[PDB]
6 protein chains.
Amino acid sequence: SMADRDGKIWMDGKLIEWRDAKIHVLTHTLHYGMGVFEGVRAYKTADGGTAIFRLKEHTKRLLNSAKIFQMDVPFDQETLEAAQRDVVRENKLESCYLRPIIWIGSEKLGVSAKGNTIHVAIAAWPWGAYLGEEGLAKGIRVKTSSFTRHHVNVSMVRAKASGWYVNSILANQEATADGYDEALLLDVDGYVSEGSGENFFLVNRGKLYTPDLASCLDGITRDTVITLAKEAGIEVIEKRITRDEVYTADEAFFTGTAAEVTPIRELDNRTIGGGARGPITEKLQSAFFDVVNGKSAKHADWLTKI
Amino acid sequence: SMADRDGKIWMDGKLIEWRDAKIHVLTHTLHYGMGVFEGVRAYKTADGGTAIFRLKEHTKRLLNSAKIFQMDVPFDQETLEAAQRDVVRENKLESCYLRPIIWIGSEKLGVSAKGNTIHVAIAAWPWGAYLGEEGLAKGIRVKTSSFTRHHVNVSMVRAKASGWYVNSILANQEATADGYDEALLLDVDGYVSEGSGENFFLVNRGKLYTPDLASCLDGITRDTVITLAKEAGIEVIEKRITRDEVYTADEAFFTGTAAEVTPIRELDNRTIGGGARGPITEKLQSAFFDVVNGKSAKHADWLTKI
Amino acid sequence: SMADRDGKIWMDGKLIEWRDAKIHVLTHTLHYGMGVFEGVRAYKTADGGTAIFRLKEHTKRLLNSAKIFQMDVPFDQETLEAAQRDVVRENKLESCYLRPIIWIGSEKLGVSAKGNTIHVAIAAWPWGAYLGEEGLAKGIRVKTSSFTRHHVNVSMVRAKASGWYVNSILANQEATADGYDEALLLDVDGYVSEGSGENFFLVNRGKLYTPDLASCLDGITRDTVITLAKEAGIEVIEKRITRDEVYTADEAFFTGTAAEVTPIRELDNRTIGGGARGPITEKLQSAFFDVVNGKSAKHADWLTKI
Amino acid sequence: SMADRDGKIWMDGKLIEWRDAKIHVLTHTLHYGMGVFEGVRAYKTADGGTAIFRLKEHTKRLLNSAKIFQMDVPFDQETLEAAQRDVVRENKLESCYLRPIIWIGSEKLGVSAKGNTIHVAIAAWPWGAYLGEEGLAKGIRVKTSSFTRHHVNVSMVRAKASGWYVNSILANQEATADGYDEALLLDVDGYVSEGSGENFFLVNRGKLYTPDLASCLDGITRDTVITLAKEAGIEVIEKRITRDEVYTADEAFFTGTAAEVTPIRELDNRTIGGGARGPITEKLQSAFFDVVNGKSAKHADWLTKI
Amino acid sequence: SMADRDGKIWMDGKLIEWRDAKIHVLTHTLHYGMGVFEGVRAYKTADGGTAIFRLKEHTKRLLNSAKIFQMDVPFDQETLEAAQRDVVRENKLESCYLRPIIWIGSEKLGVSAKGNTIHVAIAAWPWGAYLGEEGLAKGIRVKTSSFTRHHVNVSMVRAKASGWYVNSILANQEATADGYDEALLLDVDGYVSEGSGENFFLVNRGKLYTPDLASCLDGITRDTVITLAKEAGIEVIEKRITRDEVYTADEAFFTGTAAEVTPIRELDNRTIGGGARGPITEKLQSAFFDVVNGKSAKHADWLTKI
Amino acid sequence: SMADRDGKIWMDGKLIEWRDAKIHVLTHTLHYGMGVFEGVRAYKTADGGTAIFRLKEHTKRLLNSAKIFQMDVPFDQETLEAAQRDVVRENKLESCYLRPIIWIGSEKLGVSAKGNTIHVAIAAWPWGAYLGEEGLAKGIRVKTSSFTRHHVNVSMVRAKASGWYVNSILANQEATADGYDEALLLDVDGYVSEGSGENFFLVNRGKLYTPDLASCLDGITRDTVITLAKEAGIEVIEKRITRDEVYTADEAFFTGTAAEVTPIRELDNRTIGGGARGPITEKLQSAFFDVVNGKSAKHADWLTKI
């Protein structure tokens, strides 16, 4: 149980006991879905310390998400960054996942959010076993969802919002119920957008391709991989991608804070390339894990020591 | 405050004290938006009694919403109907708004959503006219939103789901920030769909028009008004409606449990007809209120005495 | 040259000599397309008199077109109805086409549209069969346009507006350039909408079909024919029509004030039915001309004597 | 009044008196919207002279607009360039605005433009005070319109045509009626296209972004700014932009002949960046005004001395 | 094998031995997909005889399919009807499936189809329940496909054309590969259109619902069922249907010549109603089989004895 | 006749006599459209020899097309490449058009392709310029089709599939029936996609434009021309292109195996630039024919000697 645990949660300005982090059922966000959250990793680094990965960019996006919804957050970025470090430190955590969430309180329950408190909470918990290059060598099997990805003037897709993930859950459940590892979603035009919670990449003829920044979230892992790709001399192309363009690709993979860099060996029971992790995916995977493990000089400023 | 009140809330099989109806901040629905709810009204009827309006139909829709999401609800329809009546009775309410809500608990916080408790809670409180008393009698000013209504293969629009209402909030806030009473949303094709929390009707040449049951919710108030219109010998036509078709209509109005029957006297600063409450609207509105107040011989079974 | 004529034109409150009806080249509507107009016919009736067909309905739509654009017209409906009768009378026309137009003057030439005079002019001239006397009896050859019909949230399709007809010109010119009589336009979804300046009907298995009132103008001739069809015991169905649904139709025809009721005997070089004017088209065509010629007692109220 | 002035207007081959530039009300373009126009600025340059900005490019676009409509213009580019200079010179103008317009005459008033004279007129009038960098230091407040931008197979959006601006007026009136400075329009897919009469740019992470050349007009100010940006070493990216991508941008601005380079400090009541003019926008403003004032070494060929 | 068997096939005017009905690999339709076919059943009637169900309507549609493609068929409807009867007779079949097919021959292999032979062949064989015999009585499990149903201005969906069924194969293969019985396809807007080879119906609150005749084939079984429904006093409604509208329907079923009337007990692992063949479905299914077996006098003219 | 010829056809593993390459009319692909094919040319090279142009890429794409449809091809790429060379050699062809085709056999004729034999055949014949020799030199006249290009989630557009060409035939017939040389198709959004059997390019201000790889085939000739353009120092830009963007372009041309590099001098009766073959088109066309004729050392590896 996530609720019944010893530990500390940061809530509305103070560290409180984990179990005391509670709200009433007539909370606006529970009923109407307007809330925003982040997903952030901390890694044990090669020198023995713990560092949060791209803390600044994640916290900037968190506040930008609230700003999209015109949610006045009673804390600045500097405060929230320190608070996230606090949560990791006081829970005696090393390799872990941080979940900041900002939501709308229980003062009034009309559609209008006007007059409700804007709450902020930050919790963290241990990550599972470290996978790395060795643990993420076998690709996963993906299914194209029959549910369509968010429309960009119905949902604000640059916001990492609570309400958006009903779509993700429906897509993810469709895939796993028929034995697949994850879903891949097409946008309203039938072009590949992203996974249920991950951005999508393919490789063809030594070049890295990814859907243009249209209906998908502006992933921080996505941005990380694109930067590492260019730095390694690999050309990156953003374009509209069809599903059969994926079927015929040399390699493919997912990126996300939780997913890191995860190879896709199969889509809709079409084997991707040779069916193993491809060489470009491997290269980017190693560049990625070198960065998050603090074995990279070029990107030291992406790690925040606890 | 909705949290800080005296009274009883029905939750997971029993009446608890109002303030005790709490959840952890790591509740699945708070983060990922998959929950379902209903809006139901109890009315003080002409005989001095209290009666819930179309309880069965609302409870049926609540379980169907959960069914669409494959959420297993640990209570059947008969139990939930009785629970709603219990809430109204034990809180000694003469008239109220009921809010049943079904959500996903705090046992685990992945998108993968497996193994979480399916919670159910029912609260009720006194709540006046959603769009105001002056609105009911004189009509309101409405603004066509620049936010687009839900796409039917992205959101499951037949389910009244928590996550869906980010879109309603964005639209409603856009309208009210510029001084309008409510928003009207167009679907992805540019046709009138509905209000942020209301089904939409217009009147033209003595006939009642409403958008076909496409991108909009299958409103129970909507269904009520259509039945009353047919019983009054008024022809009802379901079609695709353009915004300038509304600009030139004889009358227009909103329907919903909270909004009841609210006239629209103006859309996008274009006066609707004569600019007041039109004769067919007033006719349907009065017929509606005669039903909920228990003054009609034809629809007694739409009312459940407490 | 329709500028160089003898006669009277009603302009801004009074009858003036035809040639004096002039405007400056820095007229707002000339540059920015926002103006509204009507097409109205006066017929020689069987009693030797002249009557305008559905004057009230056309003048109502004209003012509603202005209302859609929030153009404040300096004259009421009674005044404009009389003025149109005045124009027919003072030009000694036994039968004619009336062109009322409302436009935005030359006081200021920004998009700001603020403070310009709202002008109104009415001219009239003899005008025979828009698509030919032969076309009326034998039917015409139509080409589906490669230009798409107006989107209903880009253009306000219920307004008969100046700026809309660029689309009609492009479609019409495409058809006639390759030797066809008229163009047929599909909407943004690829369903049949209407002709470049006519509503569309088809007949199949003794029933009359027409596109639903979606992206097409609410034609008065369209309404006229629908009514006459119902009165003739013919079932009328409004639906989304595909182009190959027309190819395989028993009959098809156009309606409009200029086009009256014009049979379509061929679409995209597919012969419609037998290839001439079909029986149900002929019955509806004859019912139509009986009405405008004042041989029909049931619809005398549709005719206004000069 | 634009009509009642002393001056000279070039019309159909020669300078005539301003007030004599008249046409009949039965002019085809007044009724049907197919006409094309340009907006061109002349600036007082640093050496005391007066020069038209990108006259050749504007006149090329004027003739291309007519060519798109298959309007045979009875004058070549060289003649029209000389006439525009003639109009500035003979009206004794310095800083001013030129308005060339090509339209369809009054020989026949069917939807068919066949047989009608193709007219050309050029007028010009003084500009208000020079704003420059200092005068355009305040960003404006923009509202996303509830009206959708032109469909590229319904309207020919590369043509600057009379009929297109009904949509612009509707969007602009919607914004200004609620107290905003200008409208921003989304295309039929919900992506930012442009302002009602201006192209749109945003800045993020030191890079310049703009909607790809899809549903928007190929603005000459847009082209000017893109070129200056590249010459200043600024990366220019063309992509599909969402409205919340604007909400979260560092800077944004409009470009247009009249608007020059105008910063945007707010969209839909979301503050853009810090709410002031950004450093990139200022740099591009400076480069732009250095060019139009004739103080640029690289782009003298963009100015035509009167 | 379908090729290797004893019997007779009608091909291009004459009955030939089954195995002799061959064509060259360089056959136009084989490479370019433009061919048309039909599915027709003969049943063993209750009097011992054999009758083809709705031969006239199927043969009319066959020629209309050809007409849509402008394929000149060298045989009239009378001849093809007789040919089909001969095929059933000369193969001594008491009950069977007829497959007429019209295709473009091997004279030329450019895209430009001109100058090729238009071939016609008619074969027949005994064929059981298309979706299984157990499915007819107990209902089948259906999966919403991730492939989108034909666009009505890309494909001519009223023609039963060879090339259209790549889409059907892709959807059907997707469903069967994961253990479902058949696929359900949504149109380009996300609404339920039809199965991969079946029209679709749902039942709710005593009424019969089916997608409007938009992107789906004008099914003859669909038409049969609608007629029988109306004759049974069951109200029939054509509308746009969402997938979650199916999830919450009382009943659902497929119709087609091969599939006859097939109940749907489950869609996307959501149980439909009580999870069995519903009462209305049962009533319409029995009405259907009574008609095709010649046990109903009302529709004798739908049967053609061999 | 394509059937009645002397020579050898490679079919299912061996060369057979041309006329013996036969299939049964009850072949799955003939009825349901799922098959894939290629177009490949052998050129008489400058040394008097004969070479297939980019045999590897075409054969790679052939198998990728099969892979998209999950068609298990009983031969590998090495075998198919050698077979194509065999067909040219044994037929004693100096230059020719090669047509490899993979289709689904005649074991079963249900929608389900499981489990029919996957057949492969390869024929070759002399074939001149697809769009004419004069067309290659002076450019052709093109008409924009009123038929819309394939939707990327209805058809798998990266597969060169038999079923896809009903659309091409319909577009191409529409163009030629009215005296044009070829059709140009817009995608479902109104943007230019490609010819009926050709990729599309335009030239503007020294730069080369082509629609992005979205709804069109990933043509190999397209790829070749892009590569040659970059080697010649010409910038290549991929973007969304409107039809009026073509109207106003400096040059335009088609590419394809059959069509080679064919200039377009006219679209929709708008002259493209000078009305003749433009300089950039001539340079690229010349560079192309240099490569396929074996006159260029840079791309010898694209040629496979028979």
# chains A, B, ... in the order shown; residues from 1 in each chain; ligands from 1

call {"tool": "interface_residues", "arguments": {"of": "chain D", "to": "chain F", "cutoff": "12 Å", "atoms": "only C-alpha atoms", "output": "ChimeraX atom specification"}}
result
/D:60-72,150-160,187-189,211-218,238-240

call {"tool": "residues_around", "arguments": {"residues": "region 134-137 of chain D", "least_positions_apart": "6", "cutoff": "12 Å", "atoms": "only C-alpha atoms", "output": "MDAnalysis selection string"}}
result
chainID D and resid 128 253:254 259:265 275:279 281:283 285:286 289

call {"tool": "residues_around", "arguments": {"residues": "residue 234 (chain A)", "least_positions_apart": "5", "cutoff": "12 Å", "atoms": "only C-alpha atoms", "output": "list in words"}}
result
residues 203, 204, 205, 206, 207, 208, 209, 225, 226, 227, 228, 229, 279, 280, 281, 283 and 284 of chain A

call {"tool": "write_last_selection", "arguments": {"atoms": "N, CA, C and O atoms", "output": "compact mmCIF listing (two decimals), in the first residue's frame"}}
result
# COMPACT_ATOMS: atom_id res chain seq x y z
N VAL A 203 14.56 4.07 -35.55
CA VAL A 203 15.82 4.25 -36.24
C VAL A 203 15.70 3.69 -37.65
O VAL A 203 15.18 2.59 -37.84
N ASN A 204 16.14 4.45 -38.64
CA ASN A 204 16.20 3.94 -40.00
C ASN A 204 17.40 4.53 -40.75
O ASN A 204 17.63 5.73 -40.71
N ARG A 205 18.15 3.64 -41.40
CA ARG A 205 19.35 4.01 -42.15
C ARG A 205 20.31 4.88 -41.36
O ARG A 205 20.81 5.88 -41.87
N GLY A 206 20.56 4.49 -40.11
CA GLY A 206 21.51 5.19 -39.27
C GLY A 206 21.02 6.52 -38.72
O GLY A 206 21.77 7.22 -38.04
N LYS A 207 19.78 6.87 -39.01
CA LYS A 207 19.23 8.13 -38.52
C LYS A 207 18.14 7.90 -37.47
O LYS A 207 17.43 6.89 -37.49
N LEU A 208 18.04 8.85 -36.54
CA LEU A 208 17.06 8.79 -35.46
C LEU A 208 15.81 9.60 -35.82
O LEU A 208 15.91 10.79 -36.10
N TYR A 209 14.66 8.94 -35.81
CA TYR A 209 13.39 9.59 -36.12
C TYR A 209 12.47 9.61 -34.91
O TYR A 209 12.49 8.69 -34.08
N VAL A 225 17.55 12.26 -24.83
CA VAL A 225 18.02 11.34 -25.87
C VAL A 225 18.35 12.09 -27.16
O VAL A 225 19.35 11.79 -27.80
N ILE A 226 17.53 13.07 -27.52
CA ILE A 226 17.77 13.87 -28.72
C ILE A 226 19.10 14.62 -28.63
O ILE A 226 19.86 14.70 -29.61
N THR A 227 19.39 15.15 -27.45
CA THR A 227 20.65 15.86 -27.22
C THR A 227 21.84 14.90 -27.28
O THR A 227 22.86 15.20 -27.91
N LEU A 228 21.71 13.74 -26.65
CA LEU A 228 22.78 12.76 -26.65
C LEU A 228 23.01 12.24 -28.06
O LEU A 228 24.14 11.97 -28.46
N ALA A 229 21.93 12.11 -28.82
CA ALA A 229 22.00 11.64 -30.20
C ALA A 229 22.83 12.58 -31.06
O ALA A 229 23.74 12.15 -31.76
N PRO A 279 21.76 -1.30 -32.76
CA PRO A 279 23.02 -0.66 -32.35
C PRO A 279 22.88 0.83 -32.01
O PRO A 279 23.63 1.31 -31.17
N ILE A 280 21.95 1.55 -32.64
CA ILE A 280 21.75 2.96 -32.29
C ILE A 280 21.06 3.06 -30.93
O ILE A 280 21.42 3.90 -30.11
N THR A 281 20.07 2.20 -30.71
CA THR A 281 19.38 2.15 -29.42
C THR A 281 20.37 1.87 -28.30
O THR A 281 20.33 2.50 -27.24
N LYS A 283 23.61 2.44 -28.30
CA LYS A 283 24.53 3.57 -28.16
C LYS A 283 23.90 4.66 -27.31
O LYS A 283 24.53 5.19 -26.39
N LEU A 284 22.65 4.98 -27.61
CA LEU A 284 21.91 6.00 -26.88
C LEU A 284 21.62 5.55 -25.45
O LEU A 284 21.65 6.35 -24.52

call {"tool": "select_by_dssp", "arguments": {"residues": "region 15-257 of chain E", "states": "strand (DSSP E)", "output": "PyMOL selection string"}}
result
chain E and resi 15-17+22-24+35-37+40-44+50-53+96-104+118-125+140-144+182-186+192-195+199-204+207-211+236-239+251-256

call {"tool": "residues_around", "arguments": {"residues": "residue 143 (chain E)", "least_positions_apart": "3", "cutoff": "10 Å", "atoms": "only C-alpha atoms", "output": "ChimeraX atom specification"}}
result
/A:146 /E:146,171-172,174-176,178-185,195,266-270

call {"tool": "atom_distance", "arguments": {"atom1": "CA of residue 101 (chain C)", "atom2": "CA of residue 35 (chain C)"}}
result
7.3 Å

call {"tool": "residues_around", "arguments": {"residues": "residue 16 (chain A)", "least_positions_apart": "5", "cutoff": "12 Å", "atoms": "only C-alpha atoms", "output": "PyMOL selection string"}}
result
chain A and resi 6-11+21-22+86-87+90-91+121-123

call {"tool": "select_by_dssp", "arguments": {"residues": "region 50-170 of chain F", "states": "helix (DSSP H, G or I)", "output": "PyMOL selection string"}}
result
chain F and resi 55-68+77-90+133-138+162-170

call {"tool": "write_last_selection", "arguments": {"atoms": "C-alpha atoms", "output": "mmCIF file, in the first residue's frame"}}
result
data_model
loop_
_atom_site.group_PDB
_atom_site.id
_atom_site.type_symbol
_atom_site.label_atom_id
_atom_site.label_comp_id
_atom_site.auth_asym_id
_atom_site.auth_seq_id
_atom_site.Cartn_x
_atom_site.Cartn_y
_atom_site.Cartn_z
ATOM 1 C CA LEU F 55 17.322 -3.657 -57.503
ATOM 2 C CA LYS F 56 18.221 -4.021 -53.818
ATOM 3 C CA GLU F 57 15.965 -1.184 -52.638
ATOM 4 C CA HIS F 58 12.979 -2.328 -54.696
ATOM 5 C CA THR F 59 13.346 -5.922 -53.491
ATOM 6 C CA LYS F 60 13.841 -4.692 -49.936
ATOM 7 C CA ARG F 61 10.632 -2.686 -50.248
ATOM 8 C CA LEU F 62 8.786 -5.613 -51.818
ATOM 9 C CA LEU F 63 9.515 -7.789 -48.797
ATOM 10 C CA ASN F 64 8.775 -4.876 -46.441
ATOM 11 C CA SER F 65 5.383 -4.500 -48.127
ATOM 12 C CA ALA F 66 4.689 -8.174 -47.476
ATOM 13 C CA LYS F 67 5.914 -7.785 -43.904
ATOM 14 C CA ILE F 68 3.426 -4.952 -43.356
ATOM 15 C CA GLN F 77 15.860 -11.190 -50.749
ATOM 16 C CA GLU F 78 18.976 -12.724 -52.305
ATOM 17 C CA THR F 79 16.813 -15.279 -54.122
ATOM 18 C CA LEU F 80 14.361 -12.654 -55.394
ATOM 19 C CA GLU F 81 17.128 -10.352 -56.630
ATOM 20 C CA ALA F 82 18.746 -13.177 -58.609
ATOM 21 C CA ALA F 83 15.328 -14.212 -59.918
ATOM 22 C CA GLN F 84 14.667 -10.720 -61.288
ATOM 23 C CA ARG F 85 18.042 -10.768 -63.030
ATOM 24 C CA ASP F 86 17.154 -14.225 -64.353
ATOM 25 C CA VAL F 87 13.870 -12.993 -65.822
ATOM 26 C CA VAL F 88 15.592 -10.143 -67.675
ATOM 27 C CA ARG F 89 18.427 -12.382 -68.907
ATOM 28 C CA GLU F 90 16.357 -15.347 -70.088
ATOM 29 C CA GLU F 133 8.476 11.014 -74.557
ATOM 30 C CA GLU F 134 7.272 14.545 -75.330
ATOM 31 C CA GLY F 135 5.995 14.727 -71.748
ATOM 32 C CA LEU F 136 9.489 14.014 -70.421
ATOM 33 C CA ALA F 137 10.881 16.903 -72.468
ATOM 34 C CA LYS F 138 8.249 19.664 -72.376
ATOM 35 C CA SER F 162 -2.713 -3.983 -55.119
ATOM 36 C CA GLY F 163 -5.730 -2.812 -53.153
ATOM 37 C CA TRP F 164 -4.492 0.790 -52.944
ATOM 38 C CA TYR F 165 -4.829 1.430 -56.659
ATOM 39 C CA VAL F 166 -8.579 1.669 -57.028
ATOM 40 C CA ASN F 167 -8.024 5.207 -55.684
ATOM 41 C CA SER F 168 -5.257 5.884 -58.237
ATOM 42 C CA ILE F 169 -7.322 4.502 -61.121
ATOM 43 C CA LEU F 170 -10.282 6.684 -60.130
#

call {"tool": "closest_residue", "arguments": {"among": "A:45, A:161, A:142, A:148", "to": "residue 29 (chain B)", "atoms": "only C-alpha atoms"}}
result
A:161

call {"tool": "residues_around", "arguments": {"residues": "residue 304 (chain D)", "least_positions_apart": "5", "cutoff": "8 Å", "atoms": "only C-alpha atoms", "output": "NGL selection string"}}
result
:D and (51-55)

call {"tool": "write_last_selection", "arguments": {"atoms": "C-alpha atoms", "output": "compact mmCIF listing (two decimals), in the first residue's frame"}}
result
# COMPACT_ATOMS: atom_id res chain seq x y z
CA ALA D 51 11.29 54.36 -49.91
CA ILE D 52 8.74 51.57 -50.34
CA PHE D 53 9.56 48.39 -48.40
CA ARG D 54 9.82 45.20 -50.51
CA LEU D 55 7.72 46.61 -53.35
